[PDB]
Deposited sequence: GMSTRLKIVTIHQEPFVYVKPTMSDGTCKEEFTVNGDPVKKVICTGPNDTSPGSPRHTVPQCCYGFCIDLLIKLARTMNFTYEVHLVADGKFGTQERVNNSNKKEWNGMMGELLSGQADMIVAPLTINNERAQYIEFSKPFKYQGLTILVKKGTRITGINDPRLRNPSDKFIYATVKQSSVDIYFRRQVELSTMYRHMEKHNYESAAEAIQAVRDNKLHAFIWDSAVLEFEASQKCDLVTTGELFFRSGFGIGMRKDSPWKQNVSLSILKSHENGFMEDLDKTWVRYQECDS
């Protein structure tokens, strides 16, 4: 009966914290003074129960209420979003990350900042976008780069290292475009396992530029005054809920998302989780 929901750590959409010593989740309040809704999410720390909250968790709760379903949340085991790759040193291809879990049945729905792209749409179904965003670049304040067309990115050198997250939509964006071959070849040698690690690397001067989702990078840069983004987005894409094709939830999930875009719910999530205070971290 319970839907198996898979998600991934990705602030401000999904925060992941340890439970308190008694197994419960710390009582916290939003900027508006309301209780922060927290759900138990099992996953690698060893796999244990942890506390999850954020933009996507509030969205999941809204969907569950509106569509009248129960659920259990877990964090993707390999910590990745999902790309299709050859496995077991053979020519057989399988999806990794949340994509792989949804296709295998380990999950029934992906509720996370999951990018809608053509490659994934060939295998799964997406709801209409719950968030409209794109791609941008994160650098340390002081680093001078124009954007995706900067010579230090287009004419790669070991003097200026840039990368993205392994097995993600951004990795595929660069891998599937011949014009971006030189950039792809450079990043392939530097890609990180998670967005948090890449962001920390930029802060520590170990990575000079991190190419990633603007919804995430603009939030990170706006919370940390030592980090900035390169301005305008160089590509636009949306985040959607993922389900297996021919699922009984597709129509209703999109109806819920439509209602939330129409009545201010999505806008309120932005004021609660994305734009609400000056930098302090």
Worksheet item: Could you give the ranges of the deposited sequence that carry no C-alpha coordinates?
Response: 1-3, 49-56
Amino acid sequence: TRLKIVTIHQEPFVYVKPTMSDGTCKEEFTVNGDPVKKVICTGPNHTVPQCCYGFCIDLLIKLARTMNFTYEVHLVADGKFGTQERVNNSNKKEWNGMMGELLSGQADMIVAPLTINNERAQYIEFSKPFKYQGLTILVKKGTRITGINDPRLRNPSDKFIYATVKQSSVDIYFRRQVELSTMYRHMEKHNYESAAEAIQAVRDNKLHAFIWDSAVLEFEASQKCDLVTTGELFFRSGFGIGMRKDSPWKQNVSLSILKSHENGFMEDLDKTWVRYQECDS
From here on, numbers count along this sequence of modelled residues.
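So that the term is clear: the rigid core is the largest set of C-alpha atoms that superpose within 1.5 Å between two forms.
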Discussion item. I'd like to know which segment deviates more from the shown structure in 8 other deposited structures of this protein: 209-217 or 55-63, using C-alpha RMS over all structures and residues after a core fit.
Written reply: 209-217
Worksheet entry | Between 128-136 and 163-171, the one whose CA atoms sit farther away in 8 other deposited structures of this protein (rigid core aligned) | 163-171
Worksheet entry | Other PDB entries, at least a third, lacking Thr229 | no
Discussion item. For the other entries of this protein included in the comparison (both sides of the residue modelled), is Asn45 absent in a third of them or more?
Written reply: yes
Response to the item:
Taking the deposited Cα B-factors and averaging over 68-76 and over 141-149, the higher mean is found in 141-149
Worksheet, complete the sentence: As the entry reports it, the stretch among 205-213 and 131-139 with higher mean C-alpha B factor is 205-213
Fill in: Residue selected from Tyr53, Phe239, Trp249, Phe29 by maximal Cα B factor
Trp249
Worksheet item: Based on what the PDB entry reports, which of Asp22, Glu262, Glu11, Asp270 has the top C-alpha B-factor?
Response: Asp22
Worksheet entry | Within-chain third of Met98 by Cα B-factor, per the entry | lowest
Response to the item:
Temperature factor at the Cα of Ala112, chain-ranked in thirds, falls in the lowest
Worksheet, complete the sentence: Binned into thirds over the chain's modelled residues, the C-alpha B-factor of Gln223 lands in the lowest
Practice prompt. Could you tell me which third, lowest, middle or highest, the C-alpha B-factor of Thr7 occupies within its chain?
Written response: lowest
Practice prompt. Compare the C-alpha B factor of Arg86 with those of the other modelled residues in its chain, then answer lowest, middle or highest third.
Written response: lowest
